[PDB]
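Heads up, the chain below is alone and in the form deposited in one PDB entry; it's given as structure tokens.
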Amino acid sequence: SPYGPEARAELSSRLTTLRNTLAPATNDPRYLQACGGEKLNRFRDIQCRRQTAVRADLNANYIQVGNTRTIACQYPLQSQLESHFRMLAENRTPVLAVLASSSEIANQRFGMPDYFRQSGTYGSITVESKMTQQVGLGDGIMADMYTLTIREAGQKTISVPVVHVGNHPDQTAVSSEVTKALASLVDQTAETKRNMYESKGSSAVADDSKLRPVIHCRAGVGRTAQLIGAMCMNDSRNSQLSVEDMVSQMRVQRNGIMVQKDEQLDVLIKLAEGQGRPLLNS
């Protein structure tokens, strides 16, 4: 019963209502608005909650799901790269997880700059990319890892671990098993890097807004939300957090599209069922 079709229908009913409520109005005070004529949102109806926005010129949000703190963002536009790199450096980012595939990044029509696999200079910021490990996630899906070193006069140099799901399938969801493996890899990578900062006495450790994993796909609402949900289920502090809670939290803190597809919700439901975690709030 707790994971039966009736419970799943009720979950979808609650979530659909929330999506509708959170739909952006014109000049919605709840959502970040572009400054002038420069494009902010990669997709016109996938907007950035203002109160949790990370930077005034990015579509990127702080999200806390239960106890689990992350940043979810869209794939930066070319015009946003310098700001995106500054975000990454100022956050002392312990892991950047990119869930857009190599083939999507290569598709010029999609406007997704290859910013983490090559080196470059973006305004005042110079970035160096180095390849590190490759970790299999299951079903032939591979996580390619990098270190991204971000340099800028007047700023401390910051190196960011990157986990790129290079062969993420382009038109299907990845399984719960792959998602679990990915969540574990992302969390572990973050823990190692965060620990380094703690060992150096970084002031970022005391700042709730910093040391957050940064996750994006293309729009930052589909694959990204599936991963963040899996990460929150991988957090030992989150006992009794329901699927309703986690998706509601993602939606209120970013936008009502978080967990964009039923296919993605199916994976979160399966993960929750495996843990005996509730779907709904009583």
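Don't overthink the numbering: it's just position in the shown sequence, from 1.
Same protein, other form: the form deposited with a partner chain bound, not shown, and the subject of what follows.
Note on the partner interface in the bound PDB entry: the residue among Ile158, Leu81, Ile105, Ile125 having a heavy atom within 4.5 angstroms of its partner chain is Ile158. Looking at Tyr197, you'd find a heavy atom of it within 4.5 angstroms of its partner chain in the bound PDB entry. Remark: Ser202 counts among the residues lining its partner chain in the bound PDB entry, judged by a heavy atom distance of 4.5 Å or less. For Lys210, no non-hydrogen atom is located within 4.5 Å of its partner chain in the bound PDB entry, even though that partner is not displayed. By the criterion of a heavy atom within 4.5 Å, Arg92 is counted among the residues contacting its partner chain in the bound PDB entry. Of the candidate stretches 94 to 102, 149 to 157, 70 to 78, 114 to 122, only 149 to 157 contains residues with a heavy atom within 4.5 Å of its partner chain in the bound PDB entry.
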